[PDB]
Every structure is written in structure tokens, then in C-alpha cells.
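Participant: opening piece of the complex, as it sits:
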Amino acid sequence: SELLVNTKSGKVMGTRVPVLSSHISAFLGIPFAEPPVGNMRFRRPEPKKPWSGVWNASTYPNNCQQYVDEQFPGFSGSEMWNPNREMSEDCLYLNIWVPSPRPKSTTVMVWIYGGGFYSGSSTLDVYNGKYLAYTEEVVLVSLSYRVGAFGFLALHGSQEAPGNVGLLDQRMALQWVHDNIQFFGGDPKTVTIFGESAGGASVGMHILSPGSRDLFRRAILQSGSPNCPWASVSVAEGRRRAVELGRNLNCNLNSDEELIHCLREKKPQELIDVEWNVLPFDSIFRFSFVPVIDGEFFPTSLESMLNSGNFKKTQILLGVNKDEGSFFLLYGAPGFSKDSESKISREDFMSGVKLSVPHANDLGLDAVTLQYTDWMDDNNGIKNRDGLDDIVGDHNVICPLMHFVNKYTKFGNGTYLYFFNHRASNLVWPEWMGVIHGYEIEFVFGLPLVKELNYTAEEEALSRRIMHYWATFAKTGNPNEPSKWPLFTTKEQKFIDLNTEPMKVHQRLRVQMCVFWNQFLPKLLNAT
């Protein structure tokens, strides 16, 4: 039977799922690590012990313990990102969609979820991998990994909570795919890892980390890059945050051992309830527990690794959305609301820039404000709102990605860059938010091909084109089928817009603003 597969960890039994009036096989909830519970909380993952008998992989697994968004109860725009299965620390599982009949050796794509390293589930309706696996005939895998304090609490020097264990969870899932996917019909020589936001940062992190490089072939980064300002902290900052988390739960703070033991006795929800209290600054687009530059998973600073070519050399496809910042301003800056056009006063603008660059002195805040203010019309609410939206997206997503892509391309074997700017016709979020962080995903997973979701015919066509670019790149290292998406080169820096109209090619994506964020501001903050 097509639904029975034997792996090095044991036998697994999948389920047949309907898709676009056809069917494919799904193997849901396959364990790839021992449950990281009890004394294992905060520690590096352990490989799953093989089992005798048949593992029932007919149903989605639990989601890892995480913050649950309750801002708009019942609103699908926000709830579509919340765990849709029960939460449990026993959550290290992966899901596989396999074309029917079973391929012999086909392209594999592995999806890494990305809610700021503090949230995310492999089971969301928008991550249903059946449409992509079916339409492009690829073996689709979605993994999971611990988020928040459970995956990133870091007390460098301790082996009990060394940090980066969520990244090590991802790596273990990639090790399992490398070692077992051939049994499901996947080609272990041709695995593409892809992810959005923190998943896009994670993808870039495995490209950098020596210990992860050999587990995959190529990579896709969507609105996220390893060097993002919110994606990592120093070991000293990680340490202070863990100590502050301990302080919020009245823990003995005398030694690492005392702190960790205290933290291990708390119910999951007690850690999540105070997680946001440890940020060192009043801020937006900053998350408490994130990867640490530790000297092990990352041998040195991300910038010297990028500068010296210390990273996997292969092909990458990556890009950003037009309004990366809106989601974060809506949820965290004064003057923005879901049900209004959110025109911002000059005062809210200024308080928004302070929130957006928490690490800046007054001179730096003045430099951002001058850069994004139209002084001929400074009281324009729309320009203020939009300027703030660009500050957040440029600083947190676009310019760090552009810096990553120019550094990478100097040593890599092929780069394709995109700018996604299509506002979906059925978007439930307000107009002012534009092309939102995360909203290209539904096109990558082919949701527009399902009629009941109400997309237009041109949106279904856009989805088909993106899925085929992603799968063709995964299979060959080039999104084009031999209108051509041109290679991004050091010299010409070309990229394409991705939307419903004829493909346009442009050059130097947001160069003007990114010279400010990547070269001028850091110099300013460092000199002063």
C-alpha cells in the first residue's frame, strides 16, 4: 500500500487526502525527536528512538507552546496564524505530502514556519502542503521547532539551556529528511529549505551554520534574512533576558542551575504570560527569545561570516513584500487601528519612529525622521502613516535582506530576487495595510486554486506561476523553465515584481533607503 512507508525510525502509515478533485498521500505528525519535556525543557533535542509497530500518521500533531493572538477574537486575518491544534511541549513532529502514485526520486521542499521565533505551527490552513505537492509534483515537508523561551532561552556556558535549541530542532528535522525522505519518494540530493519571516531568517541561518550546510541543497527566503535586527542577540543579552524572565517568575537567581531548575518547574503558560516583559526597550518588531551568536551554531558574528564567504555556496531565491511593516504598527504603535484608515499625526509619527529603532540615540532618531518626512507636507496623515510603514519594513525586513543578498551573491552560485506587491482581492485586513507581511504565503501554497476561497482568476494564475517558479527553482536552481526572471548579479542587481500584470524587471531594490539603513545609520550610531 501507498500509505505504508518504512523508515529508519520505523514504519509509518499515512492517509489519503483529496485535493483539486484528485488525491495525494499525507504522512502527518511523524516524530523526529524525543519529546523535549521535563528535565529536557531548554536542552538540545534528542533523536527520536526507533519504534516497532506502525506509527499512525493520519492526523496533525500538537503545536508547540506559544503566545496566542487574542486581539481580534474570531477575525480570520489574525486567527489564521494561531495554533489550530492543542498546544503541548511534546511538539517535535514533521508532516509530509507525497504525490500519488509515490515518486521514485523527486524534488523535496521543506517549509519552516516563522512567527518571530515566538510563534508558529506547521498545521495552519495556509500551510496545507497538498496543493503545491500535487500541482508541482514535489514531496513537501513542513517541520516544527520549539519557539519562545522553550526554544531560545539562552544561558551561554550552561549545557542545560545553551540557546539555539529551536534551530537545533530544525536541524534535526532536516537530518531526518536527509536520512529518510528517499523512502517517501523524495530525492535527498535535491532538498530545498524555504521559510517566511523568522523561517526565512532560519533558512539563512542554516546556510551560514557549518553544522547545517550539508543537510540540504538550495534555499528560498521570504521576507526574512539571518542578519535581521530582531533575528539574533549577543550571548550577554540572551543571558540578561533569561535572568529577567527568572525575575518575573520569582526564581532563585543565584546560579544558572538554580534559574533553570526554577524555570523547568513552571507550567508552559506561566513562561508565555510574562515573555513580553523581558524586552530591554519599548519597541516594535522585537521578540524576546531568539537565536544567539554563540560561537558554535554561528562560529563568529554574522557580518564577518557574510564578509568572508563563510557560508554554503549554492542558489537562493528570495524577496520581500511591499508593506512589511503594517502588521507590526497595527499591533504595537499608537494611532494605528484595524478599523480606521489610521492617518497618523506628526506626534504619533515621532513616537512610532522611537518604537521602530529602539537602539537609537536622539541623533539617530532625527536622522530616520528627516529621511522619511516630506517637509513640504509634514502634517499629512496618509504620508505620516505610510512613511512609518516604510521605516518599519525597510529597517526590519527589506534592507537587511538586501544587505544579505549583496553579500551572498559575491560568493554564491545563483540568486533570484523578487518584490511581491499584489494586494489580494479578498484580503480581510484594511486597505491602509497594503501588501502585508506574510500574505505572499497563500500564493506560494496555492490557496487561490481553491474556488471557495474567492480569489480572482488572475490571482489563481499568479499562484500557479509562483508555485512553478518556486518548484522549478527547487528542482534546478533556476525558477525559469528552459518572460524570463533574470539572475540577480553583483553588477546589475536585477529583480522582478511579482503580481498579476506583465513581468517588469527593475534594479537596485530600495537602494536609496537601504544605503541609509545599512551604511549611514550604523556609522552614525557607532560614532556618536
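Facilitator: Cool, the structure landed. Numbering: from 1, shown residues only, chains lettered A, B, ... in the order given.

Participant: in stretch A:376-394, what counts as buried?
Facilitator: Residues of stretch A:376-394 classed as buried: A:380-381, A:383-394 (neighbour count, 16 or more other CB atoms under 10 Å). To be clear about C-beta, it is placed using only N, CA and C from the backbone, and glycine gets the same treatment.

Participant: what's the farthest-apart pair in those?
Facilitator: Greatest spacing in the buried residues of stretch A:376-394, by CB to CB: A:381 and A:394 (20.2 Å).

Participant: spit out the contact partners of residue A:364.
Facilitator: If you count contacts by CB atoms under 8 Å, 6 or more residues apart in numbering, residue A:364 has them with A:357, A:521, A:524, A:525, A:528.

Participant: can you pull out the residues in contact with whichever helix or strand the third one is part of?
Facilitator: Read that as residue A:524. Using DSSP states H and E, residue A:524 sits in helix A:521-527. Contacting residues not belonging to helix A:521-527 are listed as A:357, A:359, A:360, A:361, A:363, A:364, A:367, A:368 [CB under 8 Å, 6+ apart].

Participant: might one say that the second one is in contact with residue A:281?
Facilitator: Yes. Residue A:359 sits in contact with residue A:281 when judged by CB atoms under 8 Å, with a separation of 7.2 Å.

Participant: which one of the contacts of residue A:364 sits closest to residue A:287?
Facilitator: Closest approach between these and residue A:287, by CB to CB: residue A:357, at 15.8 Å.

Participant: would you tell me which helix is longest in chain A?
Facilitator: Criterion DSSP state H: the longest helix present in chain A is helix A:457-476.

Participant: run through who's touching it.
Facilitator: By CB under 8 Å, 6+ apart, the surrounding residues in contact with helix A:457-476 are A:107-109, A:131-132, A:135-138, A:190, A:192, A:194, A:218, A:220, A:315, A:317, A:416, A:422, A:424-425, A:440, A:442-449, A:455, A:478-481, A:485, A:498-500.

Participant: now for chain B, put it on the one above:
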Amino acid sequence: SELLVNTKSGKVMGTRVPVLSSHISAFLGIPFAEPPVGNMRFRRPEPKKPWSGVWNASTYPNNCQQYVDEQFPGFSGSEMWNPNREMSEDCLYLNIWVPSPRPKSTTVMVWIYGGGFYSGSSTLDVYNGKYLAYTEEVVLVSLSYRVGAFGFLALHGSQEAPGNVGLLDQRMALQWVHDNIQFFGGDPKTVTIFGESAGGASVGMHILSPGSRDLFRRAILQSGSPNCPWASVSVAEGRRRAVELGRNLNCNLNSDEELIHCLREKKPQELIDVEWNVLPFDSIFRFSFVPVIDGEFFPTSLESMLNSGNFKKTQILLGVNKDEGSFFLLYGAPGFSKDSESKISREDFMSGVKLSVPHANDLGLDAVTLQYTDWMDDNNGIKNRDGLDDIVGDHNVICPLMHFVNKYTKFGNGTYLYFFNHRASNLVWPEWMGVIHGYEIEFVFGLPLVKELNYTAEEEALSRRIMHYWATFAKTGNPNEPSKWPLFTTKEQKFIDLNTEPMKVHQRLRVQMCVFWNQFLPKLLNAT
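Facilitator: So that you can see how it sits with the rest, here is chain B on the chains above:
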């Protein structure tokens, strides 16, 4: 006889001069101070001793000792600014053009020349006051004053070379006009002082200086303002420069007395030959001997005087030209030449910004470069050349004038602002230089009304309109005859373009760039 006038200093005999197929009276070379020669070099001027008999004022006086431009021998573009009479330290004279027949009490305009405080003559063909005096029926006066070391060498504390004596020369000429112009038919209650470049800065300086305020009624500033970065130095800098001038002429430097005595024994040309050697930095748009913030002519810093309203409250008319910087780049920055289009490499751009803001550290130079570079097309020679031209004009002329006009308007009694952007049809300078520093003067003096000069009919009409705006403002405090040039107000900040087409009104002249030069950069240079 119309040509004989009796003054408090004695009788003066003028000459009849032809103008536009008519005639008017001219009283040229009337002395208003004792010659500042010998032991009087560097000292405050002394009032001219009255004379018995008749002063022959039929011919232009000598010009003060100054640097002579020899860059383009015989080229009229440059030579039109050079002294056209013999140079002499005996040069403190004024010229008067009087309508015929002699008015009883008409509006008076007094012109202050302005070659960077180191050059200028009241006798240039472009300053011939007969056209304006005749066409607008005003009594026109042009004064003179010592320039260079002779007028601005400053050794604060010494009474032998206290500094600002060139400004005191201007003041003495204004005192003489106040006391005697009624005899020539001028109204001492209605005197407008006007000047361009350093003359525009000087005008603003008499508006600020308590000791000059009561000598005139209203003021016109053309491409110059008192707070310009090149218009004044501290007493410590003035002192260092005088000491360095002494060092270049092998003077005993033991005391002020020794230095001054040494300097007084040098021929005029020996001082001028080394004048440029005392600048403290490699630079452009910086002059050696300029006014000093001394605690006397200027009671405190120009900025606190501007901020506190410590200045004459009256009406002012002022403005700038479109390409104020070109003259200075041509003469002093690498890559610019008179006979080529002067497209500038990225390298010459950068070396041009260093020259343009000599007082800036590397971070500030980076801030100017980022502000003026189109990073999508950074190797564009034309954009590089034009960006540099704007940096020079914005930093040296436009933004300081805008800062002056916003501070002044808060306390003044009426402000009219203009932007002159007409490229004359017969300009002999290259196209790349645009609307050059100083080239609105010929329109203010009505040169286009003389056919042999080859201007177009629309240029003659532009000239007539500017002369009538200037004279009507001088007479009433409003350029408009009761298409209206609107008042510049704190709130709306309106100004008009001055050129051959229908008047357009705009707001906030170069605000974007001036917030950078007036608010951000100074903060940056001060913090770091």
C-alpha cells in the same frame, strides 16, 4: 545749476549723463571719510573733513585695493567683476545718480557691493545706477568700503586693527547719506539699503547692529544673509588669521603692536598676494578677512540676536538664484572647467563635498553625500555635477537665507521672498553653470533696457518689472502697485519665481534640503 549741490561737507559739482535717449545728473566720487592710509590702515574710518571750494564729482573714484581675477584674461564674464578704475587705499567715496530735474524728496536706494568681503567696486558697468535712477525716479547711491585685510583684519582688543572697519566704512557712508541726501533731493526718511552676496550679508548686518539700525528705513538682500557660513568668524579665528598673515610676510609676531606695525609697512599688493594662504582649511566659498562677532558691532552671536528679536524691525525683500554654487565650483573644485560640460566623476564629487563643508568630520561628509546622491544612478556625471552645485548653493546661500527669513519674519513688519531662475539669453558663461551667483544684478540695474547689450524683449520686460518691484518696495514697504507678489508669512511661507513667464507662487523654498543644513547637520557636527 542742477549740477551744483551744497552739502554739510562742502559743495560738490556733478556731471550730466545721457541715459535711454534722455539725461540725468551724477555726482561721482564724493568722499565720505578721510583716506585710510599710512597709520590709518586697519583702523576705524574717520569722517571726511569739510572742504571749502567746489568738489569736482564728475568722474568715478579709485577702487579699493583687492585681489584681481586673472583666470580668463579678457573674458567679459569674469572681468565685469574686476576693478575697472585704478586701485588705491584712498578709496572711500560714494556715487549719486539724481533724476532730472532734481526731486524735492524722493525714495533713496543705497547699493552695497559684495565680492566675498575681499573684492568689489562701486564703479562696475553692471552697477551703473543711471537706468534705475532714471526709470524709477529714485535717488540712487552706491557706496564703497575697504575689503580684504584692509577692511577686516581683526586683532580683537587692539584699537589699531579692531576688525569690522569695512562695515564701519559702510556705516559712515550711510551716516553721510542720512545727513546729506536731502540736498540732492533724496528723502532721508525713506532710504533702502540693498546689496548682493557679501553686500546682501552686510545689509543684514546693519539690520542686526544697534549702531546702524537708525540710519535707514528698509532693506533688500540678494543671495546673501548675515548668518552665512562664510560671512563672519569668531574673534579667536580672526586673530589666528591675522597672525598667520603676519607669518606669511615675515613679521615680528611678539605683540599686536609689532604685528600691525609690520603689516602697515607692506605695500597693498604684498598683503593681497598671500591673502588666500591664511584660510584654515582646503575649501571653497570661504574668504580670509571677514566680519568678526566682536561684542560691539554685533552685541552677541548672530543666532541669539536672531532668536531674541534683537534687530531692526521693518520690511525686507530678499531672495536667491537657482545655481548659487556654480561660480565657486568652477573656480575652485577639481573636474569643473569653463569650456567643458563638467560632468563629474563620483571621485570628484566626493572631493567637492569635502571642499564644500570644510568644517565637517567624516560622519558629516557622509551625511551630505548621502543627501545629494541618487544611489540608483551614482555614476551619472550630470547628476554628480548638479548635486555638487546644489550642495554649494544650499549650504552657502539658500539655506542660511531661509533660516534668516524665518527668524526675521517672526518679528518684522513685512517680508517678500523671491527665487530668481532666468538664464539670460546672452550669458557668456557655460550652460552647466545655470542661473549664476550675481546674475540677477544686471536685471536689477536695468541693463536689458539697453539694446546694444543684446537681451530679448521679454528680458527687457523682466528687468522693468524687477526694477519697479524693487523701487516700489523701497518707497512703500510693498513691491506691489496698490498679479500680486504675496507677503511671506511664518505660516504660509510663500514666495514667487522671478523669470520671463507668468508669475507662479510657491511655498517653503527648498525646505527638504534646508532642514538638513539648518537643523540636522549642525546637530550631527555638535553631537559627534
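
Participant: once more for the contacts of helix A:521-527, now including chain B?
Facilitator: Here helix A:521-527 makes contact (CB atoms under 8 Å, 6 or more residues apart in numbering or on different chains) with A:357, A:359-361, A:363-364, A:367-368, B:361, B:363, B:366-367, B:524, B:528.

Participant: what subset of those is buried?
Facilitator: The neighbour count (16 or more other CB atoms under 10 Å in any protein chain shown) marks A:357, A:360, A:363, A:364, A:367, A:368, B:363, B:366, B:367, B:524 as buried among the contacts of helix A:521-527.

Participant: reformat the residues you listed as CSV; add distance to residue A:259 and secondary structure.
Facilitator: Putting the buried ones among the contacts of helix A:521-527 into CSV (distance: CB to CB, whole Å; DSSP: H, G, I helix; E, B strand; the rest coil) gives the following:
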residue, distance to residue A:259, secondary structure
A:357, 31, coil
A:360, 31, coil
A:363, 37, helix
A:364, 34, helix
A:367, 39, helix
A:368, 37, helix
B:363, 41, helix
B:366, 44, helix
B:367, 45, helix
B:524, 43, helix
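
Participant: pull the number of nearby residues for residue A:254.
Facilitator: As a burial measure, residue A:254 scores 8 neighbours (other CB atoms under 10 Å in any protein chain shown).

Participant: residue A:40 too?
Facilitator: Neighbours of residue A:40 under the rule other CB under 10 Å: 17.

Participant: and it, what does it touch?
Facilitator: By CB under 8 Å, 6+ apart, the neighbours of residue A:40 are A:34, A:46.

Participant: please state the backbone phi and psi of it?
Facilitator: For residue A:40, the backbone dihedrals (degrees, to the nearest 10) come out as phi -90, psi -10.

Participant: just residue A:514 next, same as before
Facilitator: Phi and psi for residue A:514, reported as degrees, to the nearest 10, are phi -70, psi -20.

Participant: what's the distance between it and chain B?
Facilitator: 8 Å (CB to the nearest CB, to the nearest Å).

Participant: may I have the secondary structure class of the closest residue in space to that residue that isn't next to it in sequence?
Facilitator: Distances taken as CB to CB, 6 or more residues apart in numbering or on different chains put residue A:399 closest to residue A:514, at 4.0 Å, once the chain neighbours are dropped. Three-state assignment for residue A:399 (DSSP: H, G, I helix; E, B strand; the rest coil): helix.
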